[PDB]
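Here's the structure we're looking at; comments come further down.
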Ligand SMILES: Nc1ncnc2c1ncn2[C@@H]1O[C@H](COP(=O)(O)OP(=O)(O)OP(=O)(O)O)[C@@H](O)[C@H]1O
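Numbering (the UniProt record's numbering), first residue to last: 675 to 741, 766 to 932, 938 to 942, 986 to 989.
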């Protein structure tokens with residue numbers, strides 16, 4: 675109805691005939707809102723993101739897309779980089795709009811870093827080019843995710859190798875401004891719980907199964923231990987002829 679991705683009792687294994695890495699998956703992602711998946715290391719957040727994309731085989735349950767999935771803007775936990783220039787890494791087979799390109803660059807704070815080095819927004823990077831630092835690779839992948847005119851945006855820990863200032867500016871200018879104005883569906887896996895007030899929907903995962911759902915107000919009563927743990931980790940209220 676008003677939700678983007680629906681899973682009812684989904685079972686997903688990475689191996690073809692192994693133990694279910696994801697068990698009893700139930701997910702109700704709102705459309706046009708920010709949904710944040712939180713959990714410990716290796717509890718299946720990236721696996722949940724890829725299971726919604728069909729990258730994992732399904733043992734049981736059903737997956738519904740009300741957007766026939768359609769395109770999804772995805773920023774992997776390991777930042778993927780093409781062999782082309784920075785401009786083509788950000789546009790990624792899209793029409794080049796200078797206004798949108800500069801807006802996404804200012805949202806990711808990529809301008810002063812592309813000012814460095816032999817070329818500006820035209821250096822070949824990845825293979826057949828100069829290597830970039832992990833923050834630059836991650837933010838170029840995030841800029842590619844933010845650039846495309848896609849209603850669904852999947853972000854898998856954009857703040858893995860980012861400091862406080864760049865991650866905060868990325869969170870505000872990208873997620874709360876560049877993605878809210880066009881009402882794109884943003885699913886944001888993160889280990890930074892300081893952005894939990896900015897979450898319309900929250901997914902809690904624990905050992906390959908999903909613990910809770912809803913807003914922080916729902917976490918206030920049903921799961922008091924997890925709510926107090928979130929409070930302690932950071938009252939959690941929302942918001986040539988010679989040649
Ligand atoms: N491509 C893969 N092939 C096989 N097993 C995988 C693969 N990706 C993840 N797994 C397994 O699935 C489980 C959860 O991994 P996943 O990457 O979803 O966790 P995560 O919580 O998102 O990651 P992080 O370690 O960054 O917190 C682990 O047991 C891991 O070994």
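The C-beta atom is built at its ideal place from N, Cα and C for all residues, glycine as well.
Scanning its chain for C-beta atoms nearer than 6 Å, with the 5 sequence neighbours on each side dropped, one finds around residue 921 the residues 910, in chain order. The alpha-carbon of residue 684 is positioned some 5 Å away from that of residue 699. For residue 778, the Cβ stays outside the 6 Å cut-off from all heavy atoms of ligand 1. Residue 836 counts as buried, since at least 16 other C-beta atoms from the protein chains shown sit within 10 angstroms of its C-beta. In this structure, residue 784 keeps its C-beta atom at 7 Å or more from the C-beta atom of residue 681. Annotation note: the stretch 766-806 contains the following uninterrupted alpha helix (DSSP H) runs of length 4 or greater, listed N- to C-terminal: 784-789 and 796-806. The stretch 807-837 is shown to contain no whole beta strand (DSSP E) run of 3 or more residues. Inclusion of residue 914 and residue 939 in the CB contact set at 7 Å is warranted, their separation being smaller than that value. When distances are taken from the beta-carbon of residue 789 to the heavy atoms of ligand 1, even the shortest one reaches 6 Å or more.
Looking from the CA of residue 864, the closest CA among 810, 740 and 800 belongs to 810.
Burial check for residue 697: the Cβ neighbour count within 10 Å reaches 16 or more, so the residue is buried. Between residue 883 and residue 840, the CB-CB gap reaches or exceeds 7 Å.
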